[PDB]
Structure formats: C-alpha cells, structure tokens
Amino acid sequence: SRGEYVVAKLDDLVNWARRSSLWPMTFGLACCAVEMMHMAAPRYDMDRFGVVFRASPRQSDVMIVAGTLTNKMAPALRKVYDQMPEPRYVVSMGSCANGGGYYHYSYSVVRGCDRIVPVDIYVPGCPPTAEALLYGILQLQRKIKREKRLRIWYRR
Amino acid sequence: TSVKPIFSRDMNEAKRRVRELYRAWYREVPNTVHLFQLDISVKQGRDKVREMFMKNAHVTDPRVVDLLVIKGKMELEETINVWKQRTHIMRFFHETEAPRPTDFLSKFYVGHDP
Amino acid sequence: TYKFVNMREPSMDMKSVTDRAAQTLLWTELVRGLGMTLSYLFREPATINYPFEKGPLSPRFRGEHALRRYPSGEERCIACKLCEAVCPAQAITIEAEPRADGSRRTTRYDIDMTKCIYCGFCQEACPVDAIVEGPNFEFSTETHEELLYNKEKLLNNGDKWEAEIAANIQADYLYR
Amino acid sequence: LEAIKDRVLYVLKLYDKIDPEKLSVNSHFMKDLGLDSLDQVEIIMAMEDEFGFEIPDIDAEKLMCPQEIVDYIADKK
Amino acid sequence: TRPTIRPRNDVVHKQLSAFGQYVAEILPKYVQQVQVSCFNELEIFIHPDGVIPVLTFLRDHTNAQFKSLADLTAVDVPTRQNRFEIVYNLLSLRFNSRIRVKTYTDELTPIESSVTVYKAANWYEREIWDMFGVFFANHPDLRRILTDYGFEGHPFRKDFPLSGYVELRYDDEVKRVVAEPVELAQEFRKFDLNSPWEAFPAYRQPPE
Amino acid sequence: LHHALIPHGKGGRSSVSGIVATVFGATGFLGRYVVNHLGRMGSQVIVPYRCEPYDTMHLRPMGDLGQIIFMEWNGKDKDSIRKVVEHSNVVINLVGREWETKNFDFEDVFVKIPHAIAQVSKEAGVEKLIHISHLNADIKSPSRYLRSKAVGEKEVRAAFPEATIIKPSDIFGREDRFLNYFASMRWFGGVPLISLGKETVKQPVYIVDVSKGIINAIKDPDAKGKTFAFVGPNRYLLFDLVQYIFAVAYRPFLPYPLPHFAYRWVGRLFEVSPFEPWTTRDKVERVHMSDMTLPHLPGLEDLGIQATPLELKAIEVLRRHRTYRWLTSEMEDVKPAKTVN
Ligand SMILES: COC1=C(OC)C(=O)C(C/C=C(\C)CC/C=C(/C)CC/C=C(\C)CC/C=C(/C)CC/C=C(\C)CC/C=C(\C)CC/C=C(/C)CC/C=C(/C)CC/C=C(\C)CCC=C(C)C)=C(C)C1=O
Ligand SMILES: CCCCCCCCCCCCCCCCC[C@@H](O)O[C@H](CO[C@H](O)CCCCCCCCCCCCCCC)COP(=O)(O)OCC[N+](C)(C)C
Ligand SMILES: CCCCCCCCCCCCCCCCCC(=O)OC[C@H](COP(=O)(O)OCCN)OC(=O)CCCCCCCCCCCCCCCCC
Ligand SMILES: NC(=O)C1=CN([C@@H]2O[C@H](COP(=O)(O)OP(=O)(O)OC[C@H]3O[C@@H](n4cnc5c(N)ncnc54)[C@H](OP(=O)(O)O)[C@@H]3O)[C@@H](O)[C@H]2O)C=CC1
Ligand SMILES: *P(=O)(O)OCC(C)(C)[C@H](O)C(=O)NCCC(=O)NCCSC(=O)CCCCCCCCCCCCC
Ligand code: SF4
Ligand code: SF4
Ligand code: SF4
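Protein chains in written order, with the authors' numbering: chain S7, 41 to 196; chain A6, 41 to 154; chain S8, 37 to 212; chain AB, 76 to 152; chain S3, 43 to 250; chain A9, 36 to 376.
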C-alpha cells in the first residue's frame, strides 16, 4: 500500500539517523571504563561511526554501564537514566554490569544493572576488549535498524 | 566491674541525650518532608521517628544507649545535609515489602519458616 | 641518586631578556604547539578498519569458554570439579553421575558468563584439557539469560571452535 | 496570667493523646493523663512553638503540670 | 645456596630487637609486649589508653622519627573478650624503618582518636568505625565512609554475613530504588578446604 | 499440582510462587502495575505485545532472570493467542482503548478480543481467567465503550464460565487518564463542565489497589466465577473533584457550563487526530456519567484490600502539573474535597 510504503521509508530514514548518531553519556564506573577510553582511542576510533561522548544526560542517547554498580551508586545511575530523554538505550559492559561479576556475593554490589534499568545490550568480559565493546555498539546499531515505530503505528 | 563510659555516666544522662536527639528529630520532620518532596504526611514522619525510638526502649545499658544516640545523630545529619536521597528516607517505611504473616496457621501454610 | 625537575634560573643578560620578551609578546611556544599539532595532522592515522580489520591477538588469549573432546569424539571432562573448586567467582556449577557405560561424566556443567571474570584458572586446573577459553570475544547478547551457558552450549562452542582452539593449544602448550 | 493559662490549655487540647474531658489545670501528665517521657517532650516542644522561646532540657523535665507550665512561662515572661 | 628459601637478615633482626627493648624501657606504663617476627618486623602491644602517648613518642622522639602513618586498620577475633584489634603501621624515613603498634578494644569501649598525631587517622578511623563498629572518642567528623547511607551493621565483622541482609532493586510502582531482604538465585556454595593433617609442627599448640 | 508449580521461597524476587500468568494488555498502566506485582511475588509472567519492542522495556526489570517472557501476538490470531496461553495457569485480560482507530473498534477490543481470549484459554486448559471490565458497563448505556464492555462481559462469561470479572470505577495514578485529563484542561482556558459538574458523582479507585485486588483474586480459591466492583472509599461530585484536582495542582480554577451538544461537538473535533486523541465523544459521555452503585457485588474489602482515599495519593499525580512556585508544597496544605456519601 502507498501509506505502508511511505511509513516504511520514513522509519527507515528515522532509524538510520539514530543508528548513525549515537551519543553515549560520559559515564564510567570501574576498570571497564578504561576499555571505553581505548575504544575512543585512535586504534578503534569510535568517532568514525558517529559515536560521540556527551557529558549531559539530556544530550545522550546511550548509557554504557561500564563497571560495578554498587548500592551507594544505584540511585545516581537511575537518576541519570531517567534524566536521559527518549529514545534511549542501555549497554551493560563487563561481568559486574551484566550480573554480579567478581563481587556477585557481596553486601554492597547490585547483582546486575538490569535490576535498575532496562538493558538493551550485554557485553561479556572482564573487561571486554575495546573490539568487543565496538562489536556491542555495532550490534546495538543493527538492533536500532530493525525498529518499526511508524510501521507499528500505521497498523495500530 | 568498673568500665570506661562512652558518655552519660549513669542512665539519667543517657535518657537526657535520648530526649535531646528526639527533639532534634521531631523538629526536623517538616524540613525533611519539604526538601525531599515526600508524599507522606508530617504526622507520618513523626510517628516513624517515635516508632524507631521505641524499638530500643528495652535497653538498660548506658553505653549502648550512648552508641544508639551517636548513630541517631549520624543518620540525622545525613538527613539534614541532604546526603541521603528520597530512596533511603522511604526505605525507612518498607513501602514495597509484602506484609509477612504472623500467625501459626498462615506461617504453616506458606512455608517452613519458624 | 636524584635529580631536580625544576630548579634552574634564567640568565639576566640583555639578549636573553629580549628573547624572553619576544616569546611573551610573540607567542613562540604557542606557535610551536600549533606546529606539533599540524605535524600530527599530516601524519598517518593509527585507526584500523573494524570490522574488516581486527586487532592483533595471541595464542594465550582468554575469550569464550568451550568444552573439548578427544579425537575419538569422547568428551575430555571427567567431572573432577577442579575448575569448580578453583574458580574465583564461583561461576561454574557441576553435577555428575556414572553414565550408561560407567564413565565418570558430567550431567550439568554450567558457567555463568555474567559472573565469570575470565581469569583462565579453570583451564589451568584442568588435567585433561577439557575446559578451555577460546579465541572468540564477539559474543555479546541482547538478553541476560543468553549469557548463562550450560553444558550443551559449551559443547557447541567447542565443536564450533575446535580447529582454532587446537591450533592455539598446539602453539602455546610448551610454555605450560 | 490568664492569657498564658488559656494559651497553654488551647495548646494542650490540640494534642491527640490528651483527653479534653480529663484535662485540667492541675492534671499531672504522667499520672492523671497517662503519658510518657516522649509525650511530655512533644508537649514541651508544642509549648515552645506557641510562646516562641527556648526551654532547656533540664528545665523542661520539671514541667509535668500545666500549672508548672504557666508558672515557668510567667517567670520567663 | 638454597635458592627456594628466603634469606634472613640477622643484623636487622638484632637492630629491631634492640629498638623494641629501647621503647619498652622508655614506656613501661603502656607497652605490654614486644615481638620481632622472623622476617624482621617489629610489633608492639600496648594498653588501649596508651595510644596517644605511644604514638606521639614514636612520632616526635629524636631516636624514633616515625613521621608517617602508613596504615591503620582493625582485626576481628570473636573468640577474644576484646574482639577488635587496632593496628597502626608507622614509617620512619630518617632511619628507613617501619614499626607496628597493636591495641585492643571491644564493642562498647572507645579508643582515643589519633587525628592529633597523624592527619590520616581521620579517614582511617572513619573506615574502622564504619567497618567494625569501634568508636573513636575525639574525632572531628566520625561517620560512615564506605557503606551506603543508612546501612545497618558493620560488614567486616566475622559475624556479618557475606551477602548482608538487604539487596537493592528498582520498583516501578513507587518510582524509586527500594531495599528488600536479600534473596539469591544461587546460594554461595561454602567449601571446607582445611586438611585434617597438621602442616606446621613449629606452630603446634599444647593440648591443654 | 505439577512438581514445578509448588510455591517455594519467601515471596521474593528469586522465589517461586506457582503462578504462571499470561497478561494481555501488559504494555499499559494497569498492565505495568499488574506485571510489577507478579514479578515482585516471583511468578512466571508472559507478556503478549503488538507494539514495538522498545515500548516493552519498562517491564524488563520487573522480574528475575527468565521470569518475564515477551512474545508477539495479534488479537485477530487465535493461533498466537493459543501460543501465548498454552503454558500458563492464569490468563489476565486488560486489553482496551478509550478511542477507536481504523483497524480496531470498541466492538473489536471489548467484545471480539476478550471472547477470543476466553474461548482459546478454555481449550488450552487455563485454570484461572481474570477479565477487566468497567463499573458502568450497561447494555443501554449512552457510551459505545460501556455497551461493548457489557457485551464483552457477557461473551466472556459464556465462553469461560469460571472467570473472575473485575469492574473498576475509574483508575487514578501516575500514568492514568483521569487525574491527568482533568488537570490538562488548563491549556484550553477554563474548564468546560456539563451542568457545571453538579449532576455527576464519581468514586475513583487507586491503581495500586486495583492491581492488588487483581493479584489477590488469583490467590483466593473462592473467587473462581465471580464479579467484583472496585471503587474508592469516597464519592465526589464532579465539580468538587475537579476543584480539588486544580487546588492540588495549584492552578487557577475557572469552571464554566458547556451544554451537552456543544461538548459533544468539541469531542468530535478532537477525535480526528491520527495519534492518541486528547478527548472523544465517548470520553465526554463517560466523564459526564455518574458512577453506578452496586452494593451486591463484592469488592476490595472482600478481597482483603483497604481502598486508599484519593486525598492520600493525589499529590503523586498532580505534583507534576505544578509550577516551580508550588512544586515543594506539602500534601496537607490542601483541604480535602467535599464528599457525597
Ligand atoms: C567521566 O569519566 C570519563 C569518561 O567516561 C567514562 C571518558 O570517556 C573519558 C575519555 C575522554 C575522551 C575519550 C575525550 C572525548 C572524546 C572525543 C572524541 C572528544 C572529541 C570531541 C568532538 C570531536 C566534538 C564533537 C561534539 C559534537 C556535539 C558534534 C555533534 C554535531 C552536532 C551537534 C551538529 C548537529 C547540528 C547540525 C548538523 C545543524 C544542521 C541542521 C540543519 C537543519 C541545517 C540545514 C538547514 C537547511 C535550511 C537546509 C535545507 C536546504 C535544502 C533542502 C536545499 C539545499 C539544496 C540541495 C541541492 C540539497 C575520561 C577522560 C573520563 O574521565
Ligand atoms: C539536514 C537538513 C534536514 C535533512 C532532511 C532530510 C534530507 C534527506 C535525508 C538524507 C537521507 C540519507 C539516507 C542515507 C542512506 C544510508 C546509506 C546506506 O549505507 O544505508 C543502507 C540503507 O539504509 C537503510 O536501509 C535506510 C536508509 C534511509 C533510506 C532513505 C529513506 C528516504 C530518504 C529520502 C526522503 C527524504 C525526504 C523525506 C524526509 C524529509 C544501510 O547501510 P548501513 O547498514 O546502515 O551501514 C553499515 C556500515 N557498514 C556498511 C560499514 C557496515
Ligand atoms: C514530496 C512531499 C513530501 C514527502 C514526505 C512527507 C513526509 C515528511 C515528514 C513529515 C513530518 C513527519 C510526519 C509524521 C510522521 C509520523 C509520526 C507518527 O504518526 O508517529 C506515531 C508514533 C507514536 O507512537 P505510537 O505508535 O502511536 O504509540 C504510542 C507510544 N506509547 O510514532 C512516533 O511518534 C515515532 C517517533 C518519531 C516521530 C517523529 C518523526 C517522524 C519522521 C520525520 C522525518 C523528517 C524529520 C524532519 C526533522 C526537522 C528538520 C531537520
Ligand atoms: N484506565 C481506566 O481508567 C479504566 C480502565 N478500565 C479497563 O481496564 C483495562 C486496562 O486499562 P488501561 O491500562 O488503563 O488501558 P491502556 O490504554 O493504558 O492499555 C491498553 C493495553 O491493551 C493493549 N491493547 C489495546 N488495544 C489493543 C488491540 N486492539 N490489540 C492488542 N492490544 C491492544 C495495549 O497495547 P499497545 O500499547 O501495544 O497498544 C495496552 O497494553 C481496559 O480494558 C480498560 O477498559 C476500566 C475502568 C477504568
Ligand atoms: P520515658 O523517659 O519514661 O520514656 C523514654 C523512652 C520511651 C525512650 C524509653 O522508655 C527509654 O528510656 N528506654 C531506655 C532505652 C533508651 O533510652 N533507648 C533510646 C535509644 S536512642 C534511639 O533508639 C535512637 C534512634 C534514632 C531514630 C532514627 C530516626 C528514624 C526516623 C526517620 C524519619 C522518618 C521520616 C522522616
Ligand atoms: S567486569 Fe571486570 S574489568 Fe569490568 S568493572 Fe568488573 S572487575 Fe572491572
Ligand atoms: S576464567 Fe576464572 S572466573 Fe571464569 S570460569 Fe574460569 S576460573 Fe572461573
Ligand atoms: S577441571 Fe576439567 S576435567 Fe575437571 S571438572 Fe573441570 S572441565 Fe572437567
């Protein structure tokens, strides 16, 4: 149908922009954030793909939870996630962010950042290499490529 | 056996310090509700302060009372300086935990707990 | 021995004073920094073209886990639980029983990849080279549960990566 | 002193734990009214909120009767 | 040669023993015991109320210039009447040496704060309080340093469970993080590793 | 009971409650609350969704690992309905739209879909069915919404005789329509009311109370084939209710009487939006309609729930509508509205 074709093209265009312009919030917790710096480094330059760190959560699209999430830190992470406007995505990085990690059976560690925020991508490793994190970012981009919001709305 | 007192010597001065801390907490609940934008009432906060003070009413050791008032002052200055968030202040109220059964028949039904 | 990083005084002769004044009024060190940045601009970047180009790795690399087999097809693991005992993060859960033919083989071999710290202790403690850490590192998932590997998943990883795992173990086994 | 007395009684009547029927100018807080240390402390704080002057802890412990309250307020003006 | 055995230093052992005798003679009112470990570390056990005099002496004395406080922690031994064991590690740069001073306390007995001798004692004693429950009397700002706000209990105590009693999650109904009793999908599997055969005869205790 | 359906634990996140529930319409207000309560219990939750998977993300943290399962579903596909209800002993139906789109009508969302869910669930052997209806569900009602509600209630009762039909009055909460719809009329100058809201009586019910009642209806063994009425503790006139809403929001209250035909035309104007409409003719009819009184049907007190008065939870919803001048004002600063009991 003409309307179906129009909405398909429009949300192909919309998903392309969001996929190609990703702005992670400048947010790192532990040793996993060093591999974020090495992904930002010249070797695996993240700025090629349109992935740029922004300090303010208002101007951020993705939250890369890279490090251990503690009980004393969970409210701040939830606060910045809430203050991030939509559409927003979450990439947990490393064992600590995925589940508990080396500190799973601890009194002061949250066993998974997905207990706090909805996580879109999980990156495995301790720490995941910069290439592993880049693969996770590209996988997030491909996940964005498949979103059909206007197509869902047209048939709604 | 004579022991080194933390404060308060005998029990009367410990009770005096308890009353001082209770006044400090009682005069703080309106400020806590205003600053943290709590949806609870001021009466609810004062009742919670009273309840938290009353669960230690069986203590008969002045040193334990002194340590309790020290920790109460600590958690009061965390509330005054807004070091705490609404998260902890409402953690005081257990708003999300399901009501645990307390009778033998219900406890027998639910599980193996004593 | 020791040295002073900054304890030098400048000469107060007229030529040196004029040189410093020219540096102050004419921003000489700032121009020098500009020249350094321009040189780096005209240099060649150190960026690889991922995913079409991959960063170098070594035979010792610790990536995704795998359960190996003997060349006959028999599983190497003998349910000895040395890896489970030595695991720092307690990421391995093992349950075993005698098999139909009486072999000492596992029935449950779980690794929580969100709990594992990828430290390589399990493959060091294995006396039969059963559990290994393969070369794979691009195995990120979209859901948490997909990272809770079990015995079937680990055996599939071993069957999938057996050639590269065997080559790496052959390359690096004389150092162990 | 009548103004102080009526203000004290008005404050006491607003207290939830205070029974207006049993309330009187000679009613002992602990015995006649059946309160405890913390209730008396809250009463003293409410009295401070009315007359706007600081009552120390040592003096507040000797204010177990409304007549004692009005005597203390009159002495301190 | 014995390549696999650590060589010993009798010179340093004798020097440490002599200095331990020196300090024990100088401060008989507080020093209870002096030991030199076989890897040349001097350890001084003193009365709990001698902390300020002993530390001030070890800092300001001409023959003991331990001007640096390397560390300050506590050890929990529940089998003792005074379960908590406060440990001070001092470094003397002038004589290129290190010393250890150990005192004892229990739950209800305060220990004098040494922030007037070393400024690092401020945060070190804050951590000791937060993690063990030891109260320090004259501390400029004594409060929690590492645990969460409102956290109940001192976690480094031996009787404190490894996972604690509460855990955190985000509840959508109340639109905030909540604290609920700890519940584990997989329980921490406790291992009994000790062998029933004695390893070191040198440390064998009398049957008593 | 199957060996895997026996409850274990202490009713926590990592426990087992023996409840396997397929929750239709879980990507909504009541849906999110019900899913949160089930996951908090520690139950198995299946979430059939037709929307973009991005719009189901708030439901991910609501349960432990593997306890929330998202599967696609159509509503016109009994195959998908069976696929999602095959392995669950509880089926909860909260599907509904306050407006009508091109593809789904009030007949489709309130008659055809609930009847298909009930019929398919009966074949699949689902033990318990919970079906959400409306308190003012009348066959001769002026509102097509409520007429379809009544027809769908009868169809569900016919298809699944062992059902629990719940009839909330008007759910108010953070993501509700009720308090937000009343508090969003600041932009259109004054507040248009039919007969100035003097001829309408309403007793709204709290969302957490409704979700708790839904959860307790599953656990109660003697609520198998029953009908409940979920209403609040106090009944208000519409004028008093809107006045209290605006007082709590600290907005100037400027009511004015607008005749019913004019308000119907206004609602007709606003329903031409391809997106979610701000108001509709059926919405106007429902807002004007007084809540019914059904003393014979059981309710929250019968299911063990003490209904939360509006004066305790109104500030959660209406603090968002305040300005910076009045953001920090406390809950006790506004006198409670005048009730009609
Ligand atoms: C907190 O812990 C920490 C971290 O964290 C864990 C860290 O990581 C690190 C590590 C730190 C780093 C690695 C440093 C940060 C990394 C870097 C790479 C720094 C580099 C910074 C930059 C390169 C700056 C880039 C920043 C931004 C914001 C660039 C983004 C671009 C924009 C915002 C521009 C968008 C606006 C646009 C495009 C305007 C155009 C729009 C229009 C509408 C114009 C068009 C209008 C028209 C009318 C045109 C229409 C005309 C038409 C159609 C006709 C034309 C004719 C035709 C033929 C077409 C550290 C130290 C750390 O401590
Ligand atoms: C600036 C002022 C506002 C502008 C308003 C719009 C103006 C026109 C917008 C320009 C459109 C640019 C489209 C770019 C197409 C993407 C190129 C191509 O590579 O994309 C492919 C196809 O992309 C998608 O299929 C759809 C892209 C957009 C399709 C066009 C939709 C219609 C656009 C024209 C209509 C504009 C007028 C209507 C709007 C105003 C998939 O690539 P991808 O996988 O990702 O790359 C991965 C990286 N690799 C290759 C290294 C691995
Ligand atoms: C030659 C003639 C001209 C040819 C081209 C004609 C069209 C050009 C574009 C016109 C502008 C956009 C028109 C509207 C697009 C469709 C928007 C829509 O219907 O969105 C509905 C839907 C909302 O969500 P829904 O599915 O309803 O579910 C409720 C959520 N719980 O889903 C959403 O809202 C999805 C979120 C994004 C919606 C806005 C973006 C739509 C695409 C805009 C593309 C152009 C952007 C230009 C930006 C300004 C210039 C830089
Ligand atoms: N809310 C209220 O004030 C009251 C509500 N009720 C009833 O309670 C129930 C729940 O209400 P509520 O949560 O507020 O409603 P919502 O509008 O917030 O949510 C409706 C849910 O049903 C889904 N849905 C709607 N239409 C369709 C369709 N055609 N096909 C498939 N899925 C569909 C939606 O999914 P998606 O996002 O994918 O479209 C969403 O998950 C409804 O039946 C309603 O009539 C009763 C009394 C008062
Ligand atoms: P009268 O003197 O006869 O009675 C005095 C009382 C009632 C205190 C007892 O009879 C009594 O003297 N008991 C002896 C033991 C004792 O004095 N215990 C007091 C312990 S101090 C204490 O427990 C401090 C607790 C701090 C409170 C924490 C604050 C929590 C409130 C948070 C705010 C919630 C909303 C803002
Ligand atoms: S997963 Fe490993 S590398 Fe990453 S934060 Fe945890 S301990 Fe550090
Ligand atoms: S690499 Fe280390 S942490 Fe991971 S499973 Fe092996 S022993 Fe355990
Ligand atoms: S160490 Fe090797 S043989 Fe032993 S249980 Fe582990 S994988 Fe099996």
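Beta carbons: idealized from backbone N, C-alpha and C, even for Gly.
Around the beta carbon of residue 184 (chain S7), 16 or more other beta carbons sit within 10 angstroms, so the residue counts as buried. Using a 10 angstroms sphere on the CB of residue 46 (chain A6), the tally of other CB atoms reaches 16 or more, which defines it as buried.
Per the coordinates, the alpha-carbon of residue 93 (chain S3) lies some 15 Å from the alpha-carbon of residue 44 (chain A6).
Residue 133 (chain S8): not part of any alpha helix (DSSP H); member of the beta strand (DSSP E) spanning 128-134, first to last residue.
Residue-level contact by beta carbon holds for residue 191 (chain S3) and chain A6, with a gap shorter than 9 Å. In the DSSP secondary-structure assignment, residue 232 (chain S3) is not bridged to any residue. The C-beta distance from residue 55 (chain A9) to residue 79 (chain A9) rounds to 4 Å, short enough to fall under 8 Å. Per the C-alpha coordinates, the member of 223 (chain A9), 265 (chain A9) and 260 (chain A9) positioned closest to residue 291 (chain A9) is 223 (chain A9). DSSP, reduced to helix, strand and coil, places residue 78 (chain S7) within a helical segment of the structure shown.
Residue 162 (chain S8) and residue 146 (chain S8) have their alpha carbons spaced roughly 16 Å apart. Listed as beta-bridge partners of residue 103 (chain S8) by DSSP are 167 (chain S8).
Contacts with chain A9 at 9 Å (Cβ-Cβ) include residue 153 (chain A6). The three-state reading of DSSP puts residue 103 (chain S3) in strand, counting E and B together.
Here DSSP, grouped into helix, strand and coil, assigns residue 82 (chain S3) to coil.
Residue pairing by DSSP puts residue 227 (chain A9) in a beta bridge opposite 291 (chain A9). For residue 332 (chain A9), the closest alpha carbon among the candidates 110 (chain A9), 145 (chain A9), 305 (chain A9) and 200 (chain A9) is that of 200 (chain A9).
Residue state for residue 77 (chain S3) is assigned as strand, using DSSP reduced to three classes. 101 (chain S3) is the residue among 101 (chain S3), 47 (chain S3), 51 (chain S3) and 52 (chain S3) whose C-alpha sits nearest the C-alpha of residue 161 (chain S3). Linking residue 170 (chain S8) to residue 86 (chain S7) through their CA atoms gives a straight-line distance of about 26 Å. For residue 100 (chain AB), the closest alpha carbon among the candidates 111 (chain AB), 132 (chain AB) and 76 (chain AB) is that of 76 (chain AB). Assigned with DSSP and collapsed to three states, residue 65 (chain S7) falls in strand. Residue 354 (chain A9) does not reach chain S7, its nearest Cβ partner there being about 16 Å away, counting only Cβ pairs nearer than 9 Å. Between the segment 165-185 of chain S7 and the segment 71-89 of chain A6, the count of Cβ pairs shorter than 8 Å is below three; the stretches do not touch.
In the DSSP annotation of this structure, the continuous segment of the beta strand (DSSP E) that includes residue 211 (chain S3) starts and ends at 208-213. By alpha-carbon distance to residue 170 (chain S7), the top candidate from 198 (chain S8), 93 (chain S8) and 111 (chain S8) is 93 (chain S8). Taking residue 168 (chain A9) as reference, the option from 196 (chain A9), 234 (chain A9), 158 (chain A9) and 203 (chain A9) with the minimal CA-CA separation is 203 (chain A9). Taking a C-beta cut-off of 7 Å against chain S7, none of the residues of the segment 49-62 of chain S8 qualify.
Within the segment 50-114 of chain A9, the alpha helix (DSSP H) runs of at least 4 residues that lie entirely inside it are, in chain order, 64-76. Contact check for residue 176 (chain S3) and residue 97 (chain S3): beta-carbon distance about 16 Å, past the 8 Å limit, so the pair fails to qualify. The CB of residue 77 (chain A6) comes closer than 8 Å to the CB of 354, 362 and 363 in chain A9, given here in chain order. Taking non-hydrogen atoms of ligand 2 into account, the C-beta of residue 101 (chain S7) is found less than 8 Å away from none of them. Collapsing the DSSP output to three states places residue 217 (chain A9) in a helix. Taking the C-beta atoms as reference points, residue 129 (chain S7) is found nearer than 9 Å to residue 101 (chain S7). Closer than 9 Å to the CB of residue 113 (chain AB) there is at least one CB belonging to chain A6. In the three-state DSSP reduction, residue 172 (chain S3) falls in the helix class (H, G or I). Look at the segment 197-221 of chain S3: the residues with a C-beta under 8 Å from a C-beta of chain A6 are 213, 215, 216, 218, 219, 220 and 221.
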